[PDB]
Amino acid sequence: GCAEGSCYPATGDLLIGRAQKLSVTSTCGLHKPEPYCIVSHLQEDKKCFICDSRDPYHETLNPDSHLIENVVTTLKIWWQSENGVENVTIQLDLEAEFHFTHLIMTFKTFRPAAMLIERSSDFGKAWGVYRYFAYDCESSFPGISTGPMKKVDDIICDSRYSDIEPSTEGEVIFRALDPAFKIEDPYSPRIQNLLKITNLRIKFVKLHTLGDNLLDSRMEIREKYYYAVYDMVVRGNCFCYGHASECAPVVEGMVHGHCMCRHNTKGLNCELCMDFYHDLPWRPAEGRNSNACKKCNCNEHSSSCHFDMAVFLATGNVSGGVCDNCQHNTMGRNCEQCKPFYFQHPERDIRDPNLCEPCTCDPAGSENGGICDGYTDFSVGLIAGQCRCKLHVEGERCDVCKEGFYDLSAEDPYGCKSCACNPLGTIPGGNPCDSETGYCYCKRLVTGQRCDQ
């Protein structure tokens, strides 16, 4: 179970439950009845019938309809192209984004003379070519390679499925991950650009005529050459990087496309980290390792955080979440400090909403605009609150002139100005002057500010 490590949804047939998503290029009997023939082994004999494909097949009402929706299995139904048409294309459209195992088509007539398979990850915008197939990889597909594959993603031209010999029920097969390889790293960029699929597309380009030149011929010669397909399975699954055990609707036997993520992951494919769980870098599960996204810690002064790789490494791959918009005047990568002009109450829990107290330093007399010590830490000379008074100021809040000085003006570096009280004419003992006026207390028979005159 996911509650024990990595986990993945079941595999299945993508076509099931998705019949109405199939679209063709040619289909005998769409508008008005067309006839056809079933040649045998080397043209021994031929029996012909009619193709009335203008109404959904039914065994006892309309037995000659052969629309593409007839490939999705669950008797003998099928799809069939127009007689003598050599350019037919089938297309599957997925609502979500799935992983592709393998495709298995079984024709009723004679497997294509030559065909190729394409796909799209970016919803029918860009198209990649999985592989080519032919009986003459050189005439039909000049340039494309044959022989062996130099890489697990080499586009080549197969031919083991483009014969004739198998009269009917012949099969075409394609596997995303060429069995002839060892998938070293699963989640790698290339092994991924092989399974990623939203749109499958099969293009037929050559019909086996057994000699006859369909080129301007009697409806008697072409009426026997056409692609017909009994059914086809598109094996695959809904990918969730190990973080989900089952996918939900975006029925029966149907492969769903919405990952029911777990492990604090969120996303259509759980490739993201649930909100506020950005303390470790997102990773896919493996073995019993969930690699579950880790909850951020902002000491309860936020709930918006993001993951920063630099920080992650800086801590030795321990943690990399940094908090956003620290509330309560806190600060720090985890909101574990107080912004200037505030200081941590010596008591209070670091999680307390009021952990941070405002300074009380009088800006004019203090040093550093009146920023107090933010927290206590003897070893360095830090006390929660303590203000740094200027040279000639004193008091818990630095709002007082030291004896002998006056005029606490913020406008100056040291705060107060020396009274400059003459030692002679000034009454000795206690404060020699007014802290405001700067007027010294003079002896008798002496006068004037500085008790000099």
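Residue numbers here begin at 1 and follow the sequence given.
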Unmodelled deposited residues between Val250 and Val251, binned:
4 to 9
Note how many residues of the deposited chain are left out of the model between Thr74 and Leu75; the options are none, 1 to 3, 4 to 9, and 10 or more.
4 to 9
Averaging C-alpha B-factors over each stretch, which comes out higher, 308 to 316 or 164 to 172?
164 to 172
State which stretch shows the higher mean Cα B factor in the entry: 414 to 422 or 22 to 30.
414 to 422
Among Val39, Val400, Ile68, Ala384, the highest C-alpha B-factor in the PDB entry belongs to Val39
The largest CA temperature factor among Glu300, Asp324, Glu220, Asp279 is found at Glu220
Taking the chain's C-alpha temperature factors as the reference, tell me which third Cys389 falls into: lowest, middle or highest.
middle
Can you work out whether the C-alpha temperature factor of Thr146 puts it in the lowest, middle or highest third of the chain?
highest
Classify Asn193 as lowest, middle or highest third according to the C-alpha B-factor given in the PDB entry, relative to its own chain.
middle
How does the C-alpha B factor of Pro63 compare with the rest of the chain: lowest, middle or highest third?
highest
Name the third of the chain's ranked CA B-factors that contains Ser120, choosing lowest, middle or highest.
middle
